[PDB]
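First, one chain by itself: the form deposited in one PDB entry, in structure tokens.
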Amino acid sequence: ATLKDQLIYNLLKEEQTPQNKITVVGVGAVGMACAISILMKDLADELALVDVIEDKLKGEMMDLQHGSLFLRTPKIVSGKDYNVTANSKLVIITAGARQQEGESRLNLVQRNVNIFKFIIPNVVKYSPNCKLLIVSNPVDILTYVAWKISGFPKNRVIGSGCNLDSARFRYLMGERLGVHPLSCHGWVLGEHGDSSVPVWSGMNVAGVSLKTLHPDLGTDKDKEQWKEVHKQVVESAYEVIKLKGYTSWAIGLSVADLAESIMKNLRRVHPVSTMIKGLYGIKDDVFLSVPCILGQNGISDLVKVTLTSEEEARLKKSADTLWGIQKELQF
């Protein structure tokens, strides 16, 4: 008999479906950062990786596998075929094209639509009941695309949105006040990136409003220019790109955070992108960031933040701009 048969007596052979499975699509810097963070937080009992670059994908899979002794995820798989993704609770999409210098924005978005036209149908076929978490840029447009192609109810399509913007905002705030970001509460909402909206009325430590103490907070004519905090969120994103060429660790950690709430049904509030139609004067099928409650259902609830006229106006403009692009897309 084999060494295995000499050592180990088998009681059963039967193999269940993985109960807590997560899939990462796209093994670039972002996907891999999401991957390691998820593994280190013991969020999955099985992890699947998918990309089109075959060699890189096997390389990444093996690197992770070799670390198994220090992890609590017993099975890591990868492949070009989506059968390896079957029965996923959570599916994270990080796949995207790289914008070229002679390339339009509409052309870039369409290129990622063409990418999602391949990925999404395959994910739905093998994990019909899964939650979708979209990271690919422009996140808000691609969250819409994913929602449209999948045919999933809105609660199952989650966009990364302003989770990272908020994360960075709270870091900067915390460094300014000499207090840990966990205790610095701040919400950046609306469209992810350059057009995001900081809600100055909500910024507080220990529940005392900074806007109440400082009525000119976040305003153009503010002596201290706390507007700088949001300004520097935007600038630092470009700075990181200029310095190392990509961003990984921070986005990886923020995504792991969302995954944690979903996989463990925590029902914590998170600034994520969702179907925004019906509020702040928006009539179009568009996804934007508002604090949402996250659990095993994805987005079960959303918080109705009280926005000023100028803030509401900014979300309108973003939704108009987003729907203006979306109506010119080929499926």
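Quick note: we count residues from 1 along the sequence shown, nothing fancier. Take the two forms, find the largest set of C-alpha atoms that superpose within 1.5 Å, and that set is the rigid core.
- As the entry records it, the average C-alpha temperature factor is higher for 225 to 233, out of 158 to 166 and 225 to 233.
- Here the stretch with the larger average CA B-factor, out of 291 to 299 and 275 to 283, is 275 to 283.
- Of the candidates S136, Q100, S261, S248, the PDB record gives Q100 the highest C-alpha temperature factor.
- The residue among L106, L71, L132, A206 whose C-alpha carries the highest B-factor in the deposited model is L106.
- Among all modelled residues in its chain, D257 ranks in the lowest third by Cα B-factor.
- Ranked against the other modelled residues of its chain, the C-alpha B-factor of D63 as given in the entry falls in the lowest third.
- Per the PDB record, residue ranking by Cα B-factor puts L217 in the highest third of the chain.
Missing here is the form deposited in another entry; even so, the following discussion is about that form.
- Candidate set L177, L108, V77, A86; criterion, C-alpha shift of 2 Å or more between this form and the one not shown after rigid-core fit; matching residue, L108.
- Relative to the superposed rigid core, the position of the CA of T219 differs between this form and the one not shown by less than 2 Å.
- With a cut-off of 2 Å and the rigid core superposed, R98 has a Cα displacement that reaches or exceeds the cut-off between this form and the one not shown.
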